[PDB]
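Asker: Got a structure here, written out as structure tokens. Questions coming.
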Amino acid sequence: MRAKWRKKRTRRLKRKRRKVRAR
Amino acid sequence: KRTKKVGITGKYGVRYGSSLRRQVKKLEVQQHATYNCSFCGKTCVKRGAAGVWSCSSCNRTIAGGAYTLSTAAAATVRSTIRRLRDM
Amino acid sequence: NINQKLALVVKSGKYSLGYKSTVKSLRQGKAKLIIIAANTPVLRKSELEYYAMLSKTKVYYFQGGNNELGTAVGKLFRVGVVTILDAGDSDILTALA
Amino acid sequence: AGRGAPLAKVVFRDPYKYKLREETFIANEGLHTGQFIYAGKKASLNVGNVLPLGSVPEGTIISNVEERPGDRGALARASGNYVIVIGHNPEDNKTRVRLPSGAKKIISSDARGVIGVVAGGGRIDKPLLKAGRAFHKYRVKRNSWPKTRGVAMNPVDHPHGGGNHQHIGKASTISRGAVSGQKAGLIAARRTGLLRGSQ
Amino acid sequence: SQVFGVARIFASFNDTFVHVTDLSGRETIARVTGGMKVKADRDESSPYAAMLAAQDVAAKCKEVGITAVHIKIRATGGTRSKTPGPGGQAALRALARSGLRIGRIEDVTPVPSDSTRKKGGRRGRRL
Amino acid sequence: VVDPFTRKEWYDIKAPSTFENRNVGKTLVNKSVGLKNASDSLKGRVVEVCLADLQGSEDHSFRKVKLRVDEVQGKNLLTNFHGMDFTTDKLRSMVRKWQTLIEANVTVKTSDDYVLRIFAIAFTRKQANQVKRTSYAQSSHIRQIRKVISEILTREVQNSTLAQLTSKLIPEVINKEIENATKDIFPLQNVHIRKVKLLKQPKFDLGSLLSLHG
Amino acid sequence: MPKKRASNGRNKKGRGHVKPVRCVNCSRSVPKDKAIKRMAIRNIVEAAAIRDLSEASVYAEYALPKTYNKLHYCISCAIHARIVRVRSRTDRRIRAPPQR
RNA sequence: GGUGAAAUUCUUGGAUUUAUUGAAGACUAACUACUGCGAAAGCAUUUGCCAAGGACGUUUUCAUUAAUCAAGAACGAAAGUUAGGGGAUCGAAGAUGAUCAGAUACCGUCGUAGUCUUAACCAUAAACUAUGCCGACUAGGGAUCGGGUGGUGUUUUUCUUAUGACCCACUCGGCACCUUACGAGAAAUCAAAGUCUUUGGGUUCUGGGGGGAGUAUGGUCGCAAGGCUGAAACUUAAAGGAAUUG
Ligand SMILES: [Zn+2]
């Protein structure tokens, strides 16, 4: 799909992995 | 060069936060730093209390800003009254 | 302009910088034209006008401070007043400035 | 001490005696020591000079303005503040004036005002950081600092106080027609909550 | 013989003024608009209202004592249109038909010598 | 039902005094109600009128002349030239395609303390024996034309005590001297004054205005 | 869609990206080159009379001026009746104006 | 007011409209074009300083000092980010009227941030002539913008003037056009997309069926937003360019 919704998928990839990794 | 960026505000250490420490750094550089004098010509140092500057090597004092000599809000008034003085 | 002609006095010509050396020259009737700065004080500026009109000498007011009058003469220091005794290839005595 | 404004002390002569009287002026940004100042109706329009509002054109800037004539100063004496002249009237000696909050006011034409913006501007910009900096500000003014929150207090000491959880309980918006003791909160509020842009 | 005034017509879209005044400009006589007479929202600017507005204006000034006028037409102006509306030139005839004299005419729409922004957006009124 | 139209006066406006006809129109004012005079709302008015009405010919039907009201001498209220201006439709006809136009602004004071802003339009001429379409002058030539337009206006004004200046301006004298002076640099055509605004003035001086009326 | 025209929006050539200008009808932003600039002169009195005003008026000759309104139209708006009308393949090439 | 028809509207204790002015912050119309200048992005009221710059003219000057360039640097629309000032108009968010089967969409009335600037940042666009620079050679045709030449040419007229401004021919450099293809091309079209199976003037960069994917991971750069770098497992026989009929 267009590269702002695909691109908004990196919000819930990065910031969710921040809770994961810093642990 | 010792510090990567912190500059003058490294005295506070790790306290108060990043956003406030940079906010202080912009103003605390100006008040401690030197001027270029209008009457004399010489340029060191000088500052003593908020508003009052300063004398280099001559002994004259000037009403300036809190953390700077030339306040830009007063500099435009210096030109505004210049225009109205003509008539 | 005045900045062009002052360069032509320095090379091939004579001049004395500073307040005391100006008064030494004005007393003896040597100076032909003195160049007073802007930021110089009024008490000093009024004195040189009175010294000049006795011996009858031109007093051109240089529009600009002492820091840029020093750069005009080709030096690395502030100057308040510049006399002109004998200009060689220059042409500032003939003109008004 | 304890004032956002550098003062200035000017020496005038006595017209009727061989003497000198010093007057304490608030220095506008532009003044310096060893400078002349011209105060009166016939005085000219420069930074520092004191003129009456009638002999001044529209769109000028002033400070230390008198409400009456003979008030000796009232309006716009704080740091980085200035009054702007808008209008004029021939019938009724009364100029139109805008105060630094926003609310305009009609002042008499013979009232005074010192020209220029008040010195020591940009004082509020720097943050205080450490609490000791805030202590030293109020140390040379009043005893108005370490303020405890009223909800944290007991129900005897303050209306909001009391309860198992720290809550107010009833509306903090209190009327104008109240009495002393009750008035703790927002007094005679038109709006509440977060305001957007325009004041 | 000839006492003059200024007729003034604001020929814009959706409205038509007829604003008669003296030579200086302050003292007015009549201000009968197109939308005052015909009451149906749509028919404020149309030629029907332009006739009826001018006839009422003619009856006012002839009772007072003003024979002729200087017509000075005005469009919406500024950033808007700069185009006279439907009931622009219908106002000029209705004064002549009634028997009120005319002299000197101009259009004085305020054309901005370099202007501020216009409405709609960058893509305009997409209908 | 008040009927305020019938409770009003009628007065005469007067021309001071370089124009041939010394009367214009018939303005009206409300009656002087107890303690409030009608003369307070008469002085300060501005009556803009055509120039051809003041003289006659349609050569001068190209302009607008304002008349600032001043005094009241037995209903004949007196005026004074407030400003000059070209009409709306008669200067846009001049700005044609395929030719450069020029303009120069001037600020000057007369012998009397009267500040006057004053402009001057000038277009480029199409020469005879031209195969070319355009007639554009270079930027170097126009800035020398803009020099000379300012000089001639600063010579005639500064001289002439306002009142005398209008008698020169009405019968296009200023337009001729710019044409002949600048033809060495560039031919030019039309050459007009456009506007003459009046910003500042001295004391009222009511009796000095009367010297015109006579 | 392949290459349609050579010049395209037209006169931006030996020149960077230029100033725009608003349309009359839509109030839409469009380049000043790609503008469709009609110049419409109109009589200030409508020609359906025209005598009726001048019969009752004062003065002889009479100026009777004209408004000088220059107009701009954002391409798609101009196809509604204005100076366009879609052309054929080889008819496109004619830069000479119709009539006169 | 505002609409195709409307409306919450705004107001009457003349709002709208008229005339005199005053303050504030914007943008520089018409003149404005198959014109100019700039390495690009981009630049349009007047005057004064400040240093740079292309072309042209030259029996001046030095005498290969040049071309293209990994690494590494300089600038770089609009939006956006911090922190100040400013804050008129239009205006994402958002309120709020209609239409509509629903409309939180297009239409309308307001409307925060933003739009302007001062110090920092960010480094991307259909940043498009979708055509990398330096060098030759090949075909005609008139216009135009800047110089430089010659014409007892025409005018300006203050008398010859002498400049200027026009005309006729010529010449270097520049933005572009027209007509033909003998050449080239898949063709639309192109005086360069020509001088290529008769293949070789010098040199930098990018690409190798479609998707997954400008994603994963690791570096590196930014306050952030995100840039620069950049895979595979696994899936599939087509995806696509230009033209002709209907
Ligand atoms: Zn449009």
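So you can find residues: chains in the structure tokens are A, B, ... in the order shown, residues in each start at 1, and ligands are numbered from 1 in order.
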Do you have, as a Markdown table, the list of residues of chain G lying at most 8 Å from ligand 1, each with its nearest atom pair and that distance in Å to one decimal, counting only C-alpha atoms and all ligand atoms and ordered by chain then number?
Answerer:
| residue | atom | partner | partner_atom_place_in_ligand_line | distance |
| --- | --- | --- | --- | --- |
| G:22 | CA | ligand 1 | 1 (Zn) | 7.8 |
| G:23 | CA | ligand 1 | 1 (Zn) | 4.5 |
| G:24 | CA | ligand 1 | 1 (Zn) | 5.9 |
| G:25 | CA | ligand 1 | 1 (Zn) | 4.7 |
| G:26 | CA | ligand 1 | 1 (Zn) | 3.9 |
| G:27 | CA | ligand 1 | 1 (Zn) | 6.0 |
| G:28 | CA | ligand 1 | 1 (Zn) | 5.6 |
| G:72 | CA | ligand 1 | 1 (Zn) | 7.8 |
| G:73 | CA | ligand 1 | 1 (Zn) | 4.9 |
| G:74 | CA | ligand 1 | 1 (Zn) | 4.3 |
| G:75 | CA | ligand 1 | 1 (Zn) | 7.2 |
| G:76 | CA | ligand 1 | 1 (Zn) | 7.0 |
| G:77 | CA | ligand 1 | 1 (Zn) | 4.7 |
| G:78 | CA | ligand 1 | 1 (Zn) | 7.2 |
Asker: For chain B, list the residues within 9 Å of chain H, counting only C-alpha atoms (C1' of nucleotides), and write the list as a list in words.
Answerer: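 For chain B, the answer reads residues 19, 23, 72 and 73 of chain B.
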Asker: Could you pull the residues within 8 Å of residue 55 of chain C, counting only C-alpha atoms (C1' of nucleotides), minus those fewer than 4 positions along the same chain, as a list in words?
Answerer: residues 26, 27, 29 and 51 of chain C
Asker: Could you pull the residues within 12 Å of residue 121 of chain F, counting only C-alpha atoms (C1' of nucleotides), minus those fewer than 3 positions along the same chain, as a PyMOL selection string?
Answerer: (chain F and resi 86+91-92+94-95+100-105+118+124+145-146+149-150+175+178-179+188-195) or (chain H and resi 31)
Asker: When DSSP works through the backbone of this structure, what residues of chain E end up as alpha helix (DSSP H), shown as a PyMOL selection string?
Answerer: chain E and resi 34-37+47-64+90-98
Asker: Keeping only N, CA and C atoms, write those residues as a compact mmCIF listing (two decimals), in the first residue's frame.
Answerer:
# COMPACT_ATOMS: atom_id res chain seq x y z
N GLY E 34 -31.90 46.72 -3.77
CA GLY E 34 -32.67 45.74 -4.54
C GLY E 34 -33.33 44.68 -3.68
N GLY E 35 -32.61 44.20 -2.67
CA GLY E 35 -33.12 43.19 -1.75
C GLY E 35 -34.23 43.64 -0.80
N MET E 36 -34.39 44.95 -0.64
CA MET E 36 -35.46 45.52 0.20
C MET E 36 -36.85 45.27 -0.40
N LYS E 37 -36.99 45.50 -1.71
CA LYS E 37 -38.28 45.39 -2.39
C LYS E 37 -38.72 43.94 -2.61
N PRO E 47 -32.53 41.96 -12.51
CA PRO E 47 -33.04 43.19 -13.13
C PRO E 47 -34.41 43.71 -12.67
N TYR E 48 -35.28 42.83 -12.17
CA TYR E 48 -36.58 43.25 -11.60
C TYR E 48 -36.41 44.21 -10.41
N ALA E 49 -35.48 43.90 -9.52
CA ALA E 49 -35.19 44.73 -8.35
C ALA E 49 -34.47 46.04 -8.69
N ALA E 50 -33.68 46.03 -9.76
CA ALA E 50 -32.94 47.22 -10.23
C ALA E 50 -33.86 48.36 -10.69
N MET E 51 -35.00 48.01 -11.29
CA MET E 51 -36.00 49.00 -11.71
C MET E 51 -36.73 49.60 -10.51
N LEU E 52 -37.20 48.74 -9.61
CA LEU E 52 -38.00 49.15 -8.45
C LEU E 52 -37.21 49.95 -7.41
N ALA E 53 -35.92 49.64 -7.27
CA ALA E 53 -35.03 50.38 -6.36
C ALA E 53 -34.79 51.82 -6.83
N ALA E 54 -34.58 51.98 -8.14
CA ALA E 54 -34.31 53.30 -8.74
C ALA E 54 -35.53 54.22 -8.77
N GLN E 55 -36.71 53.65 -9.01
CA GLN E 55 -37.97 54.41 -9.01
C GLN E 55 -38.29 55.04 -7.64
N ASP E 56 -38.00 54.30 -6.57
CA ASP E 56 -38.19 54.79 -5.20
C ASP E 56 -37.18 55.88 -4.85
N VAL E 57 -35.94 55.72 -5.32
CA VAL E 57 -34.88 56.73 -5.14
C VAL E 57 -35.22 58.05 -5.85
N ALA E 58 -35.81 57.95 -7.04
CA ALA E 58 -36.22 59.13 -7.81
C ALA E 58 -37.31 59.96 -7.12
N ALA E 59 -38.24 59.29 -6.45
CA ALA E 59 -39.33 59.96 -5.73
C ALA E 59 -38.87 60.73 -4.48
N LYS E 60 -37.78 60.28 -3.85
CA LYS E 60 -37.25 60.93 -2.64
C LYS E 60 -36.58 62.27 -2.95
N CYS E 61 -35.62 62.25 -3.87
CA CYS E 61 -34.81 63.43 -4.19
C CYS E 61 -35.57 64.55 -4.91
N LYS E 62 -36.54 64.19 -5.74
CA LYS E 62 -37.38 65.18 -6.45
C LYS E 62 -38.29 65.99 -5.51
N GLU E 63 -38.65 65.42 -4.36
CA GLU E 63 -39.40 66.14 -3.32
C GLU E 63 -38.53 67.14 -2.54
N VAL E 64 -37.26 66.79 -2.31
CA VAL E 64 -36.33 67.64 -1.54
C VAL E 64 -35.91 68.85 -2.38
N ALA E 90 -28.94 48.20 -15.47
CA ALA E 90 -30.39 48.39 -15.33
C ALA E 90 -30.74 49.56 -14.41
N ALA E 91 -29.88 49.81 -13.41
CA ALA E 91 -30.02 50.96 -12.51
C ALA E 91 -29.83 52.31 -13.23
N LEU E 92 -28.94 52.35 -14.21
CA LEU E 92 -28.68 53.57 -14.99
C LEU E 92 -29.86 53.99 -15.88
N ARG E 93 -30.54 53.02 -16.49
CA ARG E 93 -31.69 53.30 -17.36
C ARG E 93 -32.90 53.80 -16.58
N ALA E 94 -33.19 53.16 -15.45
CA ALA E 94 -34.37 53.47 -14.63
C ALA E 94 -34.41 54.92 -14.11
N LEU E 95 -33.25 55.52 -13.89
CA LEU E 95 -33.15 56.95 -13.55
C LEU E 95 -33.47 57.83 -14.76
N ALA E 96 -32.97 57.44 -15.93
CA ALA E 96 -33.22 58.16 -17.18
C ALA E 96 -34.67 58.06 -17.66
N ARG E 97 -35.29 56.89 -17.46
CA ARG E 97 -36.71 56.68 -17.80
C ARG E 97 -37.65 57.54 -16.96
N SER E 98 -37.36 57.65 -15.66
CA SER E 98 -38.16 58.47 -14.74
C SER E 98 -38.06 59.98 -15.00
Asker: Identify every residue of chain D that has at least one atom within 12 Å of any atom of chain B, counting only C-alpha atoms, and report the result as a PyMOL selection string.
Answerer: chain D and resi 1-8+25-35+44-49+56-62+79-84+115-131
Asker: Find the residues near residue 83 of chain G: any atom within 9 Å, counting only C-alpha atoms (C1' of nucleotides), skip ones fewer than 6 places away on the same chain, and give them as an MDAnalysis selection string.
Answerer: chainID G and resid 36:38
Asker: Select from segment 14-96 of chain H every residue with an atom at most 10 Å from any atom of segment 130-146 of chain H, then for each give the shortest pair of atoms and their distance in Å to one decimal, using only C-alpha atoms (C1' of nucleotides), rows by chain and rising number, as JSON lines.
Answerer:
{"residue": "H:35", "atom": "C1'", "partner": "H:145", "partner_atom": "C1'", "distance": 7.3}
{"residue": "H:36", "atom": "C1'", "partner": "H:145", "partner_atom": "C1'", "distance": 7.6}
{"residue": "H:55", "atom": "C1'", "partner": "H:146", "partner_atom": "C1'", "distance": 7.5}
{"residue": "H:56", "atom": "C1'", "partner": "H:146", "partner_atom": "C1'", "distance": 8.8}
{"residue": "H:67", "atom": "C1'", "partner": "H:134", "partner_atom": "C1'", "distance": 5.8}
{"residue": "H:68", "atom": "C1'", "partner": "H:133", "partner_atom": "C1'", "distance": 7.4}
Asker: Could you please write out, as a ChimeraX atom specification, every residue of chain B that DSSP assigns to strand (DSSP E)?
Answerer: /B:52-53,62-63
Asker: Show which residues sit within 8 Å of residue 40 of chain G, as a ChimeraX atom specification. Count only C-alpha atoms (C1' of nucleotides), and ignore same-chain residues fewer than 6 positions away.
Answerer: /G:68-71
Asker: Restricted to N, CA and C atoms, what would the selected residues look like written as a compact mmCIF listing (two decimals), in the first residue's frame?
Answerer:
# COMPACT_ATOMS: atom_id res chain seq x y z
N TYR G 68 -11.14 48.31 -18.44
CA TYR G 68 -10.02 47.55 -18.99
C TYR G 68 -9.64 46.41 -18.03
N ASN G 69 -10.38 45.31 -18.13
CA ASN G 69 -10.24 44.17 -17.22
C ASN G 69 -9.47 43.03 -17.89
N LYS G 70 -8.28 42.72 -17.35
CA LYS G 70 -7.48 41.57 -17.80
C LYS G 70 -7.82 40.36 -16.93
N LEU G 71 -8.04 39.21 -17.58
CA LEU G 71 -8.56 38.01 -16.91
C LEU G 71 -7.60 36.82 -17.01
Asker: Between C:31, C:36, C:8, C:96, which one has atoms that come closest to residue 79 of chain C, using only C-alpha atoms?
Answerer: C:36
Asker: Using only C-alpha atoms (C1' of nucleotides), I'd like a table of the residues in chain A that come within 12 Å of chain H; for each, show the closest atom pair and its distance in Å rounded to one decimal, ordered by chain and ascending number, as CSV.
Answerer:
residue,atom,partner,partner_atom,distance
A:1,CA,H:213,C1',11.6
A:3,CA,H:214,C1',10.3
A:6,CA,H:215,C1',9.2
A:7,CA,H:215,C1',9.9
A:8,CA,H:225,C1',12.0
A:9,CA,H:215,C1',10.6
A:10,CA,H:215,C1',10.1
A:11,CA,H:225,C1',11.7
A:13,CA,H:216,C1',11.6
Asker: Put those residues in a file: N, CA and C atoms, as a short mmCIF file (atom, residue, chain, number, x, y, z; two decimals), in the first residue's frame.
Answerer:
data_model
loop_
_atom_site.label_atom_id
_atom_site.label_comp_id
_atom_site.auth_asym_id
_atom_site.auth_seq_id
_atom_site.Cartn_x
_atom_site.Cartn_y
_atom_site.Cartn_z
N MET A 1 0.84 -1.24 0.00
CA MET A 1 0.00 0.00 0.00
C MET A 1 0.86 1.27 0.00
N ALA A 3 2.88 4.66 0.93
CA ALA A 3 3.94 4.74 1.94
C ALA A 3 3.75 5.80 3.04
N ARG A 6 1.65 1.79 5.47
CA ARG A 6 2.89 1.01 5.52
C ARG A 6 3.92 1.67 6.46
N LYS A 7 4.09 2.98 6.31
CA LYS A 7 5.04 3.77 7.11
C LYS A 7 4.61 3.95 8.57
N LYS A 8 3.30 4.02 8.81
CA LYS A 8 2.75 4.06 10.18
C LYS A 8 2.84 2.70 10.90
N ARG A 9 3.11 1.63 10.14
CA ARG A 9 3.39 0.31 10.72
C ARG A 9 4.71 0.27 11.51
N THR A 10 5.64 1.18 11.19
CA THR A 10 6.89 1.33 11.95
C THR A 10 6.74 2.11 13.28
N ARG A 11 5.53 2.59 13.58
CA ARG A 11 5.21 3.19 14.88
C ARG A 11 5.03 2.06 15.88
N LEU A 13 5.92 -1.05 15.37
CA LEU A 13 7.09 -1.95 15.34
C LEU A 13 8.20 -1.43 16.26
#
Asker: Name all residues at most 8 Å from residue 40 of chain B (count only C-alpha atoms (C1' of nucleotides); drop same-chain ones fewer than 2 positions away) and give them as a list in words.
Answerer: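 The contact residues come out as residues 37, 38, 42, 57 and 58 of chain B; 39 of chain C.
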Asker: Using only C-alpha atoms, select each residue of chain C with any atom at most 9 Å away from an atom of chain B, and give the selection as a PyMOL selection string.
Answerer: chain C and resi 39-41+65-67+78
